[PDB]
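What follows is one structure encoded as structure tokens, with my remarks underneath.
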Number of protein chains: 2
Amino acid sequence: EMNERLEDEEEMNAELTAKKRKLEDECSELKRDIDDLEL
Amino acid sequence: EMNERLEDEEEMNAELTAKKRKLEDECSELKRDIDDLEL
């Protein structure tokens with residue numbers, strides 16, 4: 001039982017980190033363009 | 001330990017999701033403020 005649920009949170013750890021990577025990416029795209037534009 | 005790792009990954013899930021809360025917030029202010037800026 002302890003393994004079957006920890007594996008839930010680890011795949012969730014991946015589900016988080018994947019989205020997190022997609023965040024850091026998209027946040028930097030938007031942030032870049034705005035900063036360039038303001039110049 | 002397996003139980004301790006649940007206590008690890010719940011807080012780890014919280015630390016990540018809290019970062020995600022900052023990442024999601026900024027990106028939304030980014031996309032919104034662009035809209036105002038374009039108007």
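Chain labels run A, B, ... following the order of the structure tokens; each chain numbers its residues from 1, and ligands are numbered from 1 in the order shown.
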Produce a table with one row for each residue of chain A that has an atom at most 9 Å from any atom of chain B, each row naming the nearest atom pair and its distance in Å at one decimal; use only C-alpha atoms; arrange rows by chain and rising residue number; format as JSON lines.
```
{"residue": "A:2", "atom": "CA", "partner": "B:2", "partner_atom": "CA", "distance": 6.2}
{"residue": "A:3", "atom": "CA", "partner": "B:2", "partner_atom": "CA", "distance": 7.2}
{"residue": "A:5", "atom": "CA", "partner": "B:6", "partner_atom": "CA", "distance": 8.3}
{"residue": "A:6", "atom": "CA", "partner": "B:6", "partner_atom": "CA", "distance": 6.1}
{"residue": "A:9", "atom": "CA", "partner": "B:9", "partner_atom": "CA", "distance": 6.5}
{"residue": "A:10", "atom": "CA", "partner": "B:9", "partner_atom": "CA", "distance": 7.6}
{"residue": "A:12", "atom": "CA", "partner": "B:13", "partner_atom": "CA", "distance": 8.1}
{"residue": "A:13", "atom": "CA", "partner": "B:13", "partner_atom": "CA", "distance": 6.8}
{"residue": "A:16", "atom": "CA", "partner": "B:16", "partner_atom": "CA", "distance": 7.2}
{"residue": "A:17", "atom": "CA", "partner": "B:16", "partner_atom": "CA", "distance": 8.0}
{"residue": "A:19", "atom": "CA", "partner": "B:20", "partner_atom": "CA", "distance": 8.6}
{"residue": "A:20", "atom": "CA", "partner": "B:20", "partner_atom": "CA", "distance": 6.5}
{"residue": "A:23", "atom": "CA", "partner": "B:23", "partner_atom": "CA", "distance": 6.4}
{"residue": "A:24", "atom": "CA", "partner": "B:23", "partner_atom": "CA", "distance": 7.3}
{"residue": "A:26", "atom": "CA", "partner": "B:27", "partner_atom": "CA", "distance": 7.8}
{"residue": "A:27", "atom": "CA", "partner": "B:27", "partner_atom": "CA", "distance": 5.5}
{"residue": "A:28", "atom": "CA", "partner": "B:27", "partner_atom": "CA", "distance": 9.0}
{"residue": "A:30", "atom": "CA", "partner": "B:30", "partner_atom": "CA", "distance": 6.7}
{"residue": "A:31", "atom": "CA", "partner": "B:30", "partner_atom": "CA", "distance": 7.2}
{"residue": "A:34", "atom": "CA", "partner": "B:34", "partner_atom": "CA", "distance": 7.8}
```
| query | In Å, how much C-alpha RMSD is there between chain B and chain A after the fit, with all atoms paired in order? | reply |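 Across all paired C-alpha atoms, the RMSD is 1.0 Å.
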